[PDB]
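Shown next, in structure tokens, is the structure this report addresses.
Start at 1 and go down the list; that is how both ligands and their atoms are numbered. Counting begins at 1 with the first residue of the sequence. Excluded from the calculations below are hydrogen atoms, water molecules and symmetry mates; all remaining heavy atoms, backbone and side chain alike, are included.
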Amino acid sequence: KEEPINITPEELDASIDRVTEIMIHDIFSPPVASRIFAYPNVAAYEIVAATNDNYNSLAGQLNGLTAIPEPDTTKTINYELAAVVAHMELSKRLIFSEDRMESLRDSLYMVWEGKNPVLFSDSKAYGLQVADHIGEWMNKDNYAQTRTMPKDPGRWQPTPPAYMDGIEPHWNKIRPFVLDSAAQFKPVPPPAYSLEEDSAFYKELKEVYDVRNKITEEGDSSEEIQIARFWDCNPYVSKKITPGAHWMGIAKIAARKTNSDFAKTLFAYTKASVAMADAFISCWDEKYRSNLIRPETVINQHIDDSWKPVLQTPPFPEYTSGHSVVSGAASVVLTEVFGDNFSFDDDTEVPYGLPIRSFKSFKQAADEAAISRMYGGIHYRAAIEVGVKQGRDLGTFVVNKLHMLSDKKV
Ligand code: NA
């Protein structure tokens, strides 16, 4: 009983799709979701790097990460199999409903164990050894400690309908993967809160107000409303994926469209997920520095008590926009991996109630994701424009810092 086990990139995708689904169920927030995607990819990628002379190890490149154990030269191991095992095991550790990862895992294990028990056993064992190593490092990143950390008129207020307390005030205290510090990409400050009619703040408030009213005047056909809903990606609305998950989905689309092999797929997902996790830290750092009031609050208190945004306002401060920062970063990474002018059909939102939208490039998609927040009535211009810059600057740094691809024969 010694058939080969063919591991394909679609099995990695299976793990990431299941964790995605579980995240929705367990009600993970946008920044916490980015941490769930990153660590399991790093573990799998390290397995690949240790065994493929075209890819360099991230040990020594990511903060605190040391070399993984090498595989036993006396055993025949299928390294892709080990990489999938590592990915699933860490993914399971990072969500609450572990039984839902275990079901996916056990169903793969049963076929593998059935075809080649010895290869399966040796390969699983190595995958689990690596997951333990990577688990030790992930458990030193300050997430556990921040779980029980204690909790002008421009200050952010919780917003209706739910008036939830701000999400993840201390996300800036998580260990970044690549950044030298959480604040490395701190942006310029937002315009000073002001109700003076000639002020920069008031101009931007008036823009939010006016855009929403133009959308009203066009009616519910309007393309703006479709764009706002496509990118909304807010699990607190009173079944949706977060923005990091959506970009993980675009990374998958690109990898499948290019017929990228297991190693190239993992490379891409790892570079993207690491960048996004650092993008959330950078963006949340600024959110809780500037702690800026959301547009509906100022509009309903000072301008028009009947006005409502197209989208529900997320429960966290305004500046800079998460969508803008994370899309900026992700766009830069995918452009670097798969190229500019990469056209694609984005079907990531089809299982979540939406149609397909087509794009001519990752840059174009990011630009749409950023302006969707203006159509949505929940961000001012500065949070969007400055946020895209912040994410593109951060994603540039990540791509310039991480040396992963390194062809054996050049
Ligand atoms: Na290598």
Side-chain angles (χ1 to χ4, degrees), residues 4-13 15-16 37-91 119-120 122-138 176-179 248 251-252 254-256 258-278 332-339 395 397-410:
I5 295 169
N6 183 37
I7 297 301
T8 57
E10 296 85 348
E11 283 155 346
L12 176 59
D13 292 337
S15 184
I16 296 174
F37 286 128
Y39 282 110
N41 290 323
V42 169
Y45 177 79
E46 293 296 295
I47 291 166
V48 173
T51 59
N52 184 322
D53 294 335
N54 304 110
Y55 292 97
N56 296 338
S57 173
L58 284 170
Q61 306 197 244
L62 304 186
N63 295 326
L65 178 59
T66 64
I68 57 159
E70 290 285 359
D72 184 338
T73 57
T74 71
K75 280 167 190 288
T76 293
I77 286 162
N78 172 325
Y79 306 115
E80 296 175 358
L81 180 60
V84 181
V85 161
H87 189 284
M88 296 189 294
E89 167 60 15
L90 294 180
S91 291
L119 181 61
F120 163 71
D122 289 337
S123 306
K124 174 175 65 103
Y126 181 50
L128 297 180
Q129 185 188 16
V130 173
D132 290 335
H133 173 91
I134 299 288
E136 288 175 24
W137 168 65
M138 164 179 99
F177 288 103
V178 192
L179 305 178
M248 294 294 298
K252 173 179 53 180
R256 296 290 70 72
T258 57
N259 298 127
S260 293
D261 70 13
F262 188 91
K264 174 61 171 295
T265 297
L266 200 43
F267 166 80
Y269 300 175
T270 304
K271 198 181 300 197
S273 65
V274 170
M276 287 188 278
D278 281 8
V332 165
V333 176
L334 294 176
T335 303
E336 186 276 316
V337 170
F338 295 112
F397 169 79
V398 170
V399 300
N400 282 332
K401 180 172 161 175
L402 302 182
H403 187 201
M404 301 167 56
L405 179 66
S406 183
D407 191 275
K408 32 160 192 43
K409 307 269 92 113
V410 203

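Between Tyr126 and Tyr79, the ring planes are perpendicular. Angles over 60° get that label, and only those under 30° would be called parallel. In this pair, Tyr55 and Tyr45 present their aromatic rings perpendicular. The plane angle is above 60°, beyond the 30 to 60° band.
By the criterion of a separation under 3.0 Å, the protein N/O/S atoms near the Na ion (ligand 1) amount to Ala49 O, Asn52 O, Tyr55 O.
For the pair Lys408 and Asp53, the salt-bridge criterion is not met [side-chain N within less than 4.0 Å of a carboxylate O].
Considering only residues two or more places apart in sequence or on other chains, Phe120 meets the ring pair (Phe, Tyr, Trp, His ring centres under 6.0 Å) condition with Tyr109.
Of the possible donor and acceptor atoms, none in the side chain of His87 sits under 3.5 Å from a partner among the backbone N and O of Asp13.
Summarising the geometry of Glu11 relative to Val84, their closest heavy-atom pair is O-CG1, 4.3 Å, with the distance given to 0.1 Å.
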